[PDB]
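Below: query-v5.csv (CSV, C-alpha atoms)
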```csv
chain,number,residue,atom,x,y,z
B,1,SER,CA,43.3,-15.5,67.8
B,2,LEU,CA,44.2,-17.4,71.1
B,3,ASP,CA,41.0,-19.5,70.3
B,4,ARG,CA,42.1,-20.4,66.7
B,5,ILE,CA,45.5,-21.6,68.1
B,6,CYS,CA,43.9,-23.7,70.9
B,7,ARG,CA,41.4,-25.2,68.4
B,8,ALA,CA,44.4,-26.5,66.4
B,9,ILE,CA,46.3,-27.8,69.4
B,10,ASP,CA,43.1,-29.5,70.7
B,11,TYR,CA,42.8,-31.3,67.3
B,12,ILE,CA,46.5,-32.3,67.5
B,13,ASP,CA,46.1,-33.7,71.1
B,14,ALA,CA,42.9,-35.7,69.9
B,15,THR,CA,44.9,-38.7,68.6
B,16,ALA,CA,47.3,-41.6,69.8
B,17,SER,CA,52.3,-43.0,69.8
B,18,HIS,CA,56.1,-42.9,70.5
B,19,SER,CA,58.7,-40.8,68.6
B,20,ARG,CA,56.2,-38.0,67.8
B,21,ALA,CA,56.6,-34.3,68.3
B,22,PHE,CA,54.4,-31.5,67.1
B,23,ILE,CA,55.2,-27.9,66.3
B,24,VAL,CA,52.6,-25.1,66.4
B,25,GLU,CA,53.9,-22.1,64.5
B,26,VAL,CA,52.0,-19.1,66.1
B,27,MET,CA,51.4,-15.6,64.5
B,28,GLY,CA,52.3,-12.7,66.8
B,29,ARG,CA,55.4,-10.7,66.0
B,30,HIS,CA,56.1,-8.6,69.1
B,31,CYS,CA,54.5,-10.2,72.1
B,32,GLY,CA,54.6,-13.8,73.6
B,33,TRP,CA,51.1,-13.5,75.1
B,34,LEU,CA,49.5,-15.8,72.5
B,35,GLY,CA,52.4,-18.4,72.8
B,36,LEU,CA,52.2,-18.3,76.7
B,37,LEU,CA,48.4,-18.5,77.0
B,38,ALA,CA,48.1,-21.3,74.3
B,39,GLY,CA,51.0,-23.1,76.1
B,40,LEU,CA,49.1,-22.7,79.4
B,41,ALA,CA,45.6,-23.6,78.0
B,42,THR,CA,46.9,-26.7,76.1
B,43,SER,CA,49.7,-27.7,78.7
B,44,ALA,CA,52.5,-27.5,76.0
B,45,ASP,CA,55.9,-29.0,76.8
B,46,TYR,CA,58.0,-26.1,75.6
B,47,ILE,CA,57.2,-22.5,74.3
B,48,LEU,CA,59.6,-20.3,72.3
B,49,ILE,CA,58.5,-16.7,73.1
O,1,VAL,CA,63.2,-26.2,66.1
O,2,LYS,CA,62.2,-29.1,63.8
O,3,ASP,CA,65.8,-30.3,63.2
O,4,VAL,CA,66.6,-30.3,67.0
O,5,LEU,CA,63.5,-32.5,67.6
O,6,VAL,CA,64.3,-34.8,64.6
O,7,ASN,CA,68.1,-34.9,65.0
O,8,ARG,CA,68.9,-34.4,68.8
O,9,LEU,CA,65.9,-36.5,69.8
O,10,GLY,CA,64.4,-39.3,67.7
O,11,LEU,CA,61.1,-37.6,67.1
O,12,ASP,CA,59.1,-37.6,63.8
O,13,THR,CA,58.1,-33.9,63.9
O,14,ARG,CA,55.0,-32.5,62.0
O,15,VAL,CA,54.7,-28.7,61.8
O,16,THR,CA,51.2,-27.0,62.0
O,17,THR,CA,51.2,-23.3,60.9
O,18,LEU,CA,48.0,-21.3,61.5
O,19,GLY,CA,48.8,-18.3,59.2
O,20,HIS,CA,45.7,-16.2,58.3
O,21,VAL,CA,43.5,-18.7,60.3
O,22,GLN,CA,44.6,-16.6,63.4
O,23,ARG,CA,42.9,-13.4,62.0
O,24,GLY,CA,39.9,-14.9,60.3
O,25,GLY,CA,36.5,-16.1,61.6
O,26,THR,CA,33.9,-14.3,63.8
O,27,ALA,CA,35.0,-12.7,67.0
O,28,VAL,CA,34.7,-14.9,70.1
O,29,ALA,CA,32.0,-13.8,72.7
O,30,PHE,CA,34.6,-11.9,74.7
O,31,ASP,CA,35.8,-10.0,71.7
O,32,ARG,CA,32.2,-9.2,70.6
O,33,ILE,CA,31.2,-8.0,74.1
O,34,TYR,CA,34.3,-6.0,74.7
O,35,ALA,CA,34.8,-4.5,71.2
O,36,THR,CA,31.2,-3.3,71.3
O,37,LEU,CA,31.5,-1.7,74.7
O,38,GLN,CA,34.8,-0.1,73.7
O,39,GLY,CA,33.1,1.3,70.6
O,40,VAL,CA,30.4,2.9,72.8
O,41,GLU,CA,33.1,4.3,75.2
O,42,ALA,CA,35.3,5.6,72.3
O,43,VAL,CA,32.2,7.7,71.1
O,44,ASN,CA,31.5,9.1,74.7
O,45,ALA,CA,35.3,9.8,75.3
O,46,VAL,CA,35.5,11.6,71.9
O,47,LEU,CA,32.3,13.7,72.9
O,48,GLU,CA,33.4,14.3,76.6
O,49,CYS,CA,36.8,15.5,75.3
O,50,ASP,CA,38.1,19.0,75.9
C,1,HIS,CA,44.8,-72.6,63.3
C,2,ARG,CA,45.7,-73.9,59.7
C,3,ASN,CA,43.5,-71.4,57.8
C,4,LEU,CA,43.9,-67.7,58.6
C,5,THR,CA,40.7,-65.7,58.7
C,6,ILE,CA,41.8,-62.1,57.9
C,7,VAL,CA,39.6,-59.1,57.1
C,8,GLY,CA,40.7,-55.6,56.2
C,9,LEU,CA,39.2,-52.2,57.0
C,10,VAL,CA,40.6,-49.1,55.3
C,11,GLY,CA,41.4,-46.6,58.1
C,12,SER,CA,43.0,-43.8,55.9
C,13,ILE,CA,42.8,-40.0,55.6
C,14,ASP,CA,44.5,-40.4,52.2
C,15,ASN,CA,41.6,-42.1,50.3
C,16,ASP,CA,44.3,-43.9,48.2
C,17,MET,CA,43.0,-47.5,48.5
C,18,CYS,CA,41.5,-49.0,45.3
C,19,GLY,CA,38.1,-50.7,45.1
C,20,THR,CA,36.5,-48.4,47.7
C,21,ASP,CA,34.9,-45.1,46.9
C,22,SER,CA,35.9,-43.7,50.3
C,23,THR,CA,38.2,-44.8,53.2
C,24,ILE,CA,37.5,-44.3,57.0
C,25,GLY,CA,38.9,-40.9,58.1
C,26,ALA,CA,39.0,-39.3,54.5
C,27,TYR,CA,35.9,-37.1,54.9
C,28,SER,CA,36.8,-36.2,58.5
C,29,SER,CA,40.3,-35.1,57.4
C,30,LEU,CA,38.7,-33.1,54.6
C,31,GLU,CA,36.4,-31.5,57.2
C,32,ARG,CA,39.5,-30.4,59.2
C,33,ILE,CA,41.0,-28.7,56.0
C,34,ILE,CA,37.6,-27.0,55.3
C,35,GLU,CA,37.5,-25.9,59.0
C,36,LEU,CA,40.7,-24.0,58.6
C,37,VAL,CA,40.2,-22.5,55.1
C,38,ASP,CA,36.8,-21.3,56.3
C,39,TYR,CA,38.6,-19.1,58.8
C,40,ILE,CA,40.9,-17.7,56.1
C,41,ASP,CA,37.8,-17.0,54.0
C,42,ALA,CA,35.9,-15.4,57.0
C,43,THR,CA,37.6,-12.0,56.8
C,44,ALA,CA,36.5,-9.0,54.8
C,45,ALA,CA,38.7,-9.1,51.6
C,46,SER,CA,41.9,-7.0,51.2
C,47,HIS,CA,43.2,-5.6,47.9
C,48,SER,CA,46.3,-7.7,47.2
C,49,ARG,CA,46.2,-10.9,49.4
C,50,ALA,CA,46.9,-14.6,48.7
C,51,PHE,CA,46.7,-17.8,50.8
C,52,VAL,CA,48.6,-21.2,50.5
C,53,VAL,CA,47.1,-24.3,52.2
C,54,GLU,CA,49.6,-27.2,52.7
C,55,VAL,CA,47.2,-30.2,53.0
C,56,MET,CA,48.3,-33.8,54.1
C,57,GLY,CA,47.8,-37.0,52.1
C,58,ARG,CA,51.0,-38.6,50.9
C,59,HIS,CA,49.8,-41.0,48.1
C,60,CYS,CA,46.5,-39.6,46.7
C,61,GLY,CA,45.3,-36.2,45.4
C,62,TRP,CA,41.7,-36.8,46.6
C,63,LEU,CA,42.0,-34.4,49.7
C,64,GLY,CA,43.7,-31.7,47.5
C,65,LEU,CA,41.0,-32.1,44.8
C,66,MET,CA,38.0,-32.2,47.2
C,67,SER,CA,39.4,-29.2,49.2
C,68,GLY,CA,39.7,-27.4,45.9
C,69,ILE,CA,36.0,-27.9,45.1
C,70,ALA,CA,34.8,-27.4,48.7
C,71,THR,CA,36.8,-24.1,49.1
C,72,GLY,CA,36.7,-22.7,45.5
C,73,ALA,CA,40.5,-22.8,45.2
C,74,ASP,CA,42.2,-21.0,42.3
C,75,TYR,CA,44.8,-23.7,41.7
C,76,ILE,CA,45.6,-27.2,43.3
C,77,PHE,CA,48.6,-29.4,43.3
C,78,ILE,CA,47.9,-33.2,42.9
C,79,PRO,CA,50.3,-36.1,42.2
C,80,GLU,CA,47.9,-37.6,39.6
C,81,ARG,CA,48.0,-34.6,37.2
C,82,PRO,CA,51.3,-32.7,37.9
C,83,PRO,CA,52.2,-29.5,36.0
C,84,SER,CA,55.3,-29.0,33.7
C,85,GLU,CA,58.6,-28.3,35.5
C,86,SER,CA,59.2,-25.7,32.8
C,87,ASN,CA,56.1,-23.5,33.2
C,88,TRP,CA,54.0,-24.4,36.4
C,89,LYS,CA,54.9,-21.0,37.9
C,90,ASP,CA,53.8,-19.1,34.8
C,91,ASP,CA,50.5,-21.1,34.6
C,92,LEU,CA,49.9,-20.5,38.3
C,93,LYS,CA,50.3,-16.7,37.7
C,94,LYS,CA,47.9,-16.9,34.6
C,95,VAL,CA,45.0,-18.7,36.5
C,96,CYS,CA,45.3,-16.5,39.6
C,97,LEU,CA,45.4,-13.1,37.8
C,98,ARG,CA,42.6,-14.2,35.5
C,99,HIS,CA,40.3,-14.7,38.6
C,100,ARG,CA,41.7,-11.5,40.2
C,101,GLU,CA,40.7,-9.7,37.0
C,102,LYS,CA,37.1,-11.1,37.3
C,103,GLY,CA,36.8,-9.8,40.9
C,104,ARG,CA,38.4,-12.4,43.1
C,105,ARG,CA,40.3,-10.9,46.1
C,106,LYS,CA,40.8,-14.1,48.2
C,107,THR,CA,43.4,-16.1,46.0
C,108,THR,CA,43.7,-19.6,47.5
C,109,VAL,CA,46.1,-22.3,46.4
C,110,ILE,CA,46.0,-25.9,47.8
C,111,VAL,CA,49.3,-27.9,47.9
C,112,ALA,CA,49.0,-31.7,48.7
C,113,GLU,CA,51.6,-33.5,50.8
C,114,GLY,CA,52.8,-35.4,47.7
C,115,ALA,CA,52.6,-32.4,45.3
C,116,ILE,CA,55.1,-32.8,42.4
C,117,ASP,CA,55.9,-31.5,38.9
C,118,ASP,CA,55.8,-33.8,35.7
C,119,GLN,CA,59.6,-34.4,36.3
C,120,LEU,CA,58.8,-35.9,39.8
C,121,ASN,CA,60.3,-32.9,41.6
C,122,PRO,CA,58.3,-32.0,44.8
C,123,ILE,CA,56.4,-28.6,45.0
C,124,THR,CA,56.7,-27.0,48.4
C,125,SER,CA,54.2,-24.5,49.7
C,126,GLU,CA,57.1,-22.1,50.1
C,127,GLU,CA,57.9,-22.5,46.4
C,128,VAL,CA,54.2,-21.7,45.6
C,129,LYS,CA,54.2,-18.7,48.1
C,130,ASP,CA,57.3,-17.2,46.2
C,131,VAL,CA,55.4,-17.4,42.9
C,132,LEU,CA,52.3,-15.5,44.2
C,133,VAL,CA,54.5,-13.0,46.0
C,134,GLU,CA,56.2,-12.0,42.7
C,135,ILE,CA,52.7,-11.3,41.3
C,136,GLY,CA,52.4,-8.6,44.0
C,137,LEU,CA,50.3,-10.6,46.5
C,138,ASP,CA,50.9,-10.8,50.3
C,139,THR,CA,50.9,-14.6,50.6
C,140,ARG,CA,50.4,-16.7,53.8
C,141,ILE,CA,51.1,-20.4,54.2
C,142,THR,CA,48.8,-22.5,56.4
C,143,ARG,CA,50.1,-26.0,57.2
C,144,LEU,CA,47.3,-28.2,58.5
C,145,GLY,CA,49.8,-30.8,59.9
C,146,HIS,CA,48.6,-33.3,62.5
C,147,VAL,CA,45.3,-31.4,62.8
C,148,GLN,CA,44.0,-33.5,59.8
```
Please lay out the structure from this file as structure tokens.
Amino acid sequence: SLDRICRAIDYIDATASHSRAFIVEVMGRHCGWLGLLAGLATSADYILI
Amino acid sequence: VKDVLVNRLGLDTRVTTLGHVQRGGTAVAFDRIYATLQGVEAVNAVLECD
Amino acid sequence: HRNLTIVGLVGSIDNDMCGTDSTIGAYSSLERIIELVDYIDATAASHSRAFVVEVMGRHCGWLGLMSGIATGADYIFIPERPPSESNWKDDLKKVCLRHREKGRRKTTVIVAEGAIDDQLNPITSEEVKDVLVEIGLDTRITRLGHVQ
């Protein structure tokens, strides 16, 4: 699951540009492990876990 | 979250939602190796049980 | 520098530009959609499940169409041939349940960025999800976004 998330973030990072923000809506109802680890692996700016 | 980025900051925000993508596909090497060994252990545990 | 020498290359995921059979980026973008829908499809089928894929491409239904063929989608939403505002929901239901009757357990709908009804009203993937949910299917939206 963590791999699927990072595969998407990697594709998002693989581009150019000012005034751009990107939201990755992650599946995982009870824990924040996926959010935290994806955030760590892809050096995300802000995580909502 | 989108409105904060679009209205409080001047950012054009594009949302990406994985959905079922996050449950589909083949298991990664770690999941295959570990799920397999766990299956083996689950059997032994069940047999060794008293 | 009296006579401008200007040449144009079509760098577009859309595939909207006229005169060219395909634009630079179109097939690659299509591959990204396929990449994702392939994961959705790569699970052992469940009894009452549905999936909605919100695909990008603002001005042309090419990505929506090609994804439809490439993934064996039940229904697709394209700006070139939009459904009636009056009965698109009822036609969606018909098509899906017809396939479900024939054995299909992996109901997939593809919604283009520019998806509309014949009265120019946009069709959100959330709108589509709600239709399939009232048919008794556990529906899941997948928005490709900037991945494409």
Quiz item: What is the atom CA of residue C:112-atom CA of residue O:4 distance in Å, reported with one decimal?
Solution: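 Between these atoms lies a distance of 25.4 Å.
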Exercise. For residue B:26, list every protein, DNA or RNA residue within 7 Å, evaluated using only C-alpha atoms, and leave out those in the same chain fewer than 6 positions away; present the list as a list in words.
Key: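 Neighbouring residues, sequence-local ones excluded: residues 35 of chain B; 17 and 18 of chain O.
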Practice problem: Restrict the distance test to only C-alpha atoms, flag each residue of chain O within 8 Å of chain B, and return the flagged residues as a list in words. | Solution: residues 2, 5, 10, 11, 12, 13, 14, 15, 16, 17, 18, 19, 21, 22, 23 and 28 of chain O
Output file for the residues above (C-alpha atoms, as a PDB file, in the coordinates of the input):
```
ATOM      1  CA  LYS O   2      62.200 -29.100  63.800  1.00  0.00           C
ATOM      2  CA  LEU O   5      63.500 -32.500  67.600  1.00  0.00           C
ATOM      3  CA  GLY O  10      64.400 -39.300  67.700  1.00  0.00           C
ATOM      4  CA  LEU O  11      61.100 -37.600  67.100  1.00  0.00           C
ATOM      5  CA  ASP O  12      59.100 -37.600  63.800  1.00  0.00           C
ATOM      6  CA  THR O  13      58.100 -33.900  63.900  1.00  0.00           C
ATOM      7  CA  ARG O  14      55.000 -32.500  62.000  1.00  0.00           C
ATOM      8  CA  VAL O  15      54.700 -28.700  61.800  1.00  0.00           C
ATOM      9  CA  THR O  16      51.200 -27.000  62.000  1.00  0.00           C
ATOM     10  CA  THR O  17      51.200 -23.300  60.900  1.00  0.00           C
ATOM     11  CA  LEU O  18      48.000 -21.300  61.500  1.00  0.00           C
ATOM     12  CA  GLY O  19      48.800 -18.300  59.200  1.00  0.00           C
ATOM     13  CA  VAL O  21      43.500 -18.700  60.300  1.00  0.00           C
ATOM     14  CA  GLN O  22      44.600 -16.600  63.400  1.00  0.00           C
ATOM     15  CA  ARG O  23      42.900 -13.400  62.000  1.00  0.00           C
ATOM     16  CA  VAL O  28      34.700 -14.900  70.100  1.00  0.00           C
TER      17      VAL O  28
END
```
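Distance-wise, atom CA of residue O:29 and atom CA of residue B:7 end up 15.4 Å apart.
Here the residues that fall within 10 Å of (54.7, -20.6, 47.1), using all atoms listed in the file, are given as residues 50, 51, 52, 53, 89, 109, 111, 123, 124, 125, 126, 127, 128, 129, 130, 131, 132, 133, 134, 139, 140 and 141 of chain C.
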Once you have the residues from the selection above, write them out as a PDB file, in the frame of the given file, restricted to C-alpha atoms.
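Contents of the output file out20.pdb:
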```pdb
ATOM      1  CA  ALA C  50      46.900 -14.600  48.700  1.00  0.00           C
ATOM      2  CA  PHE C  51      46.700 -17.800  50.800  1.00  0.00           C
ATOM      3  CA  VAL C  52      48.600 -21.200  50.500  1.00  0.00           C
ATOM      4  CA  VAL C  53      47.100 -24.300  52.200  1.00  0.00           C
ATOM      5  CA  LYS C  89      54.900 -21.000  37.900  1.00  0.00           C
ATOM      6  CA  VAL C 109      46.100 -22.300  46.400  1.00  0.00           C
ATOM      7  CA  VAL C 111      49.300 -27.900  47.900  1.00  0.00           C
ATOM      8  CA  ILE C 123      56.400 -28.600  45.000  1.00  0.00           C
ATOM      9  CA  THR C 124      56.700 -27.000  48.400  1.00  0.00           C
ATOM     10  CA  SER C 125      54.200 -24.500  49.700  1.00  0.00           C
ATOM     11  CA  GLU C 126      57.100 -22.100  50.100  1.00  0.00           C
ATOM     12  CA  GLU C 127      57.900 -22.500  46.400  1.00  0.00           C
ATOM     13  CA  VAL C 128      54.200 -21.700  45.600  1.00  0.00           C
ATOM     14  CA  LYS C 129      54.200 -18.700  48.100  1.00  0.00           C
ATOM     15  CA  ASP C 130      57.300 -17.200  46.200  1.00  0.00           C
ATOM     16  CA  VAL C 131      55.400 -17.400  42.900  1.00  0.00           C
ATOM     17  CA  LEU C 132      52.300 -15.500  44.200  1.00  0.00           C
ATOM     18  CA  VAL C 133      54.500 -13.000  46.000  1.00  0.00           C
ATOM     19  CA  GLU C 134      56.200 -12.000  42.700  1.00  0.00           C
ATOM     20  CA  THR C 139      50.900 -14.600  50.600  1.00  0.00           C
ATOM     21  CA  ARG C 140      50.400 -16.700  53.800  1.00  0.00           C
ATOM     22  CA  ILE C 141      51.100 -20.400  54.200  1.00  0.00           C
TER      23      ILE C 141
END
```
Quiz item: Distance atom CA of residue C:65-atom CA of residue C:38, one decimal place?
Solution: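 So the answer is 16.3 Å.
Residues in contact range of residue C:24, defined as at most 7 Å between only C-alpha atoms, with sequence neighbours fewer than 2 positions away removed, read residues 10, 11, 12, 13, 22 and 26 of chain C.
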Quiz item: Which residue, C:120, C:55, C:40, C:66, has the smallest gap to residue C:106 when you use all atoms listed in the file?
Solution: C:40
Self-check item: Proximal residues of chain C relative to chain B (all atoms listed in the file; 9 Å) as a count of residues only
Solution: 8
From (44.6, -21.4, 42.9), in the file's coordinates, out to 7 Å: which residues are reached, counting all atoms listed in the file? Answer as a short mmCIF file (atom, residue, chain, number, x, y, z; two decimals) with C-alpha atoms, in the coordinates of the input.
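Listing of out38.cif after writing:
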```cif
data_model
loop_
_atom_site.label_atom_id
_atom_site.label_comp_id
_atom_site.auth_asym_id
_atom_site.auth_seq_id
_atom_site.Cartn_x
_atom_site.Cartn_y
_atom_site.Cartn_z
CA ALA C 73 40.50 -22.80 45.20
CA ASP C 74 42.20 -21.00 42.30
CA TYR C 75 44.80 -23.70 41.70
CA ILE C 76 45.60 -27.20 43.30
CA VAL C 95 45.00 -18.70 36.50
CA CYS C 96 45.30 -16.50 39.60
CA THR C 107 43.40 -16.10 46.00
CA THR C 108 43.70 -19.60 47.50
CA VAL C 109 46.10 -22.30 46.40
CA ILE C 110 46.00 -25.90 47.80
#
```
Quiz item: Which is closest to chain C among O:8, O:20, O:1, O:41, if we use all atoms listed in the file?
Solution: O:20
Quiz item: With only C-alpha atoms as the atoms that count, which of C:23, C:105, C:5, C:49 lies nearest to chain O?
Solution: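 The closest residue to chain O is C:49.
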Complete the atoms of stretch 9-28 of chain O to N, CA, C and O atoms and put them out as a JSON list (two decimals), keeping the file's coordinate frame.
```
[["chain", "number", "residue", "atom", "x", "y", "z"],
["O", 9, "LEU", "N", 66.80, -35.52, 69.27],
["O", 9, "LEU", "CA", 65.90, -36.50, 69.80],
["O", 9, "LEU", "C", 65.37, -37.36, 68.63],
["O", 9, "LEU", "O", 65.57, -36.95, 67.49],
["O", 10, "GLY", "N", 64.82, -38.53, 68.85],
["O", 10, "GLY", "CA", 64.40, -39.30, 67.70],
["O", 10, "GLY", "C", 63.05, -39.13, 67.14],
["O", 10, "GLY", "O", 62.51, -40.02, 66.48],
["O", 11, "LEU", "N", 62.48, -37.95, 67.38],
["O", 11, "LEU", "CA", 61.10, -37.60, 67.10],
["O", 11, "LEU", "C", 60.71, -37.20, 65.68],
["O", 11, "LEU", "O", 61.26, -36.24, 65.14],
["O", 12, "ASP", "N", 59.69, -37.88, 65.12],
["O", 12, "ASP", "CA", 59.10, -37.60, 63.80],
["O", 12, "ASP", "C", 58.21, -36.32, 64.07],
["O", 12, "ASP", "O", 57.14, -36.42, 64.70],
["O", 13, "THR", "N", 58.71, -35.14, 63.65],
["O", 13, "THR", "CA", 58.10, -33.90, 63.90],
["O", 13, "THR", "C", 57.22, -33.36, 62.71],
["O", 13, "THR", "O", 57.71, -33.22, 61.60],
["O", 14, "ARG", "N", 55.97, -33.04, 63.00],
["O", 14, "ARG", "CA", 55.00, -32.50, 62.00],
["O", 14, "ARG", "C", 54.62, -31.10, 62.46],
["O", 14, "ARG", "O", 54.03, -30.90, 63.53],
["O", 15, "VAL", "N", 54.95, -30.11, 61.61],
["O", 15, "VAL", "CA", 54.70, -28.70, 61.80],
["O", 15, "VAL", "C", 53.24, -28.33, 61.38],
["O", 15, "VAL", "O", 52.77, -28.78, 60.33],
["O", 16, "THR", "N", 52.56, -27.53, 62.22],
["O", 16, "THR", "CA", 51.20, -27.00, 62.00],
["O", 16, "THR", "C", 51.40, -25.51, 62.05],
["O", 16, "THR", "O", 51.90, -25.00, 63.05],
["O", 17, "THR", "N", 51.07, -24.80, 60.96],
["O", 17, "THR", "CA", 51.20, -23.30, 60.90],
["O", 17, "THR", "C", 49.78, -22.74, 60.64],
["O", 17, "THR", "O", 49.12, -23.10, 59.67],
["O", 18, "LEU", "N", 49.31, -21.89, 61.56],
["O", 18, "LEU", "CA", 48.00, -21.30, 61.50],
["O", 18, "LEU", "C", 47.83, -20.27, 60.36],
["O", 18, "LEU", "O", 46.82, -20.33, 59.63],
["O", 19, "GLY", "N", 48.81, -19.36, 60.21],
["O", 19, "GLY", "CA", 48.80, -18.30, 59.20],
["O", 19, "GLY", "C", 47.55, -17.43, 59.38],
["O", 19, "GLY", "O", 47.16, -17.16, 60.52],
["O", 20, "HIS", "N", 46.88, -17.07, 58.27],
["O", 20, "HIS", "CA", 45.70, -16.20, 58.30],
["O", 20, "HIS", "C", 44.50, -16.74, 59.12],
["O", 20, "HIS", "O", 43.61, -15.95, 59.47],
["O", 21, "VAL", "N", 44.51, -18.03, 59.48],
["O", 21, "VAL", "CA", 43.50, -18.70, 60.30],
["O", 21, "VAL", "C", 43.34, -17.84, 61.62],
["O", 21, "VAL", "O", 42.23, -17.55, 62.03],
["O", 22, "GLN", "N", 44.48, -17.40, 62.17],
["O", 22, "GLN", "CA", 44.60, -16.60, 63.40],
["O", 22, "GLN", "C", 44.04, -15.16, 63.35],
["O", 22, "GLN", "O", 44.07, -14.48, 64.37],
["O", 23, "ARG", "N", 43.55, -14.71, 62.18],
["O", 23, "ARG", "CA", 42.90, -13.40, 62.00],
["O", 23, "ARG", "C", 41.48, -13.51, 61.45],
["O", 23, "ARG", "O", 40.67, -12.60, 61.58],
["O", 24, "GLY", "N", 41.19, -14.65, 60.84],
["O", 24, "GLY", "CA", 39.90, -14.90, 60.30],
["O", 24, "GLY", "C", 38.88, -15.44, 61.29],
["O", 24, "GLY", "O", 39.21, -15.66, 62.47],
["O", 25, "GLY", "N", 37.66, -15.61, 60.81],
["O", 25, "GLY", "CA", 36.50, -16.10, 61.60],
["O", 25, "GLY", "C", 35.86, -14.94, 62.38],
["O", 25, "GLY", "O", 36.37, -13.81, 62.44],
["O", 26, "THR", "N", 34.72, -15.26, 62.97],
["O", 26, "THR", "CA", 33.90, -14.30, 63.80],
["O", 26, "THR", "C", 34.67, -14.11, 65.12],
["O", 26, "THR", "O", 35.40, -14.99, 65.61],
["O", 27, "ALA", "N", 34.44, -12.97, 65.72],
["O", 27, "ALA", "CA", 35.00, -12.70, 67.00],
["O", 27, "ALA", "C", 34.31, -13.56, 68.09],
["O", 27, "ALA", "O", 33.09, -13.75, 68.07],
["O", 28, "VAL", "N", 35.10, -14.10, 69.00],
["O", 28, "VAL", "CA", 34.70, -14.90, 70.10],
["O", 28, "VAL", "C", 33.81, -13.98, 71.05],
["O", 28, "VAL", "O", 34.01, -12.76, 71.02]]
```
